[PDB]
């Protein structure tokens, strides 16, 4: 039991597609800041918490499946929900939390500290802290700028260093002091631009699916990734104004190394795609989606990869990630984007260990 000799907390990432419990052990330095953070347990369940019916029976079944088999309990729990809950008004979210609070009050294995929906900006801060914790770039002043993108199912987050600025909304800027270093970040989350929510606007776009893929409207796919990418960009920019918000800031505050977490890791590591060194470029992701999915005959390709239930969307996703990173954020198509191997189950929850405010 590592929790006998080290501080332990549980952090739950309640994401739009699933919930992930992590138990972390850690020590603290001279300032009571965590160090030597180690994940001692994880459990992932689907579907997303916001997708279940908020009643006592269903909430119990879900929380039991997430938590009951954990080898360690009697520890503090932070239950932080993200874009899945943000899609609901507070009045509806409150029913989930009233039931979840009751569930925790009716048991003794877990000590609930907080259960709340965090903002996308809070999520983006955690994303940057988690990745930079893993990269060991927090202990000393970096002479490289590290930017983080979290490519979620309902929202996407972008976060990078930016000096404090009186012109930009306070909500989009965070100052923290960690390991005696003062860090100032720009944060932004785009609700609705996660892969699931985005996709619901393009299901009848023939350019976004393999040839003869059966579109729900009865037309056939006729894949073409550059054309699909142009359609997605209209959502990124004409609707959400991603380019106008993000590009001038990155021009002034270049990022030297980009890391991406979230579902893009699963796409990049899938059997259809081929990348070395756990990194990609937008140019190569768009070309590979174009040639290996968009330009293929759907029934033939589906039958080649029988077990693969994400495949059908890869023409669209490859196009969308390019639209978002290149046409939205302004990233060069040849710029390396590091992605974290999915096997690491790396989400933003280490950021909560490091940073207990919101």
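Residue numbers count along the first chain shown, from 1.
Once the C-alpha B-factors are averaged per stretch, 275-283 and 79-87 rank with 275-283 first. The PDB entry records a higher mean C-alpha B factor for 164-172 than for its counterpart among 185-193 and 164-172. Each of 200, 229, 139, 240 has a CA temperature factor in the record; the biggest one is found at 139. Of the candidates 205, 143, 288, 211, the deposited coordinates give 143 the top C-alpha B factor. Residue 319 sits in the lowest third of its chain by CA B factor, as recorded in the PDB entry. The deposited CA B-factor of residue 100 belongs to the middle third of values across its chain. Sorting the modelled residues of the chain by their CA temperature factor places residue 118 in the lowest third.
The PDB entry assigns residue 343 a C-alpha temperature factor belonging to the highest third of its chain's modelled residues.
The deposited CA B-factor of residue 303 belongs to the middle third of values across its chain.
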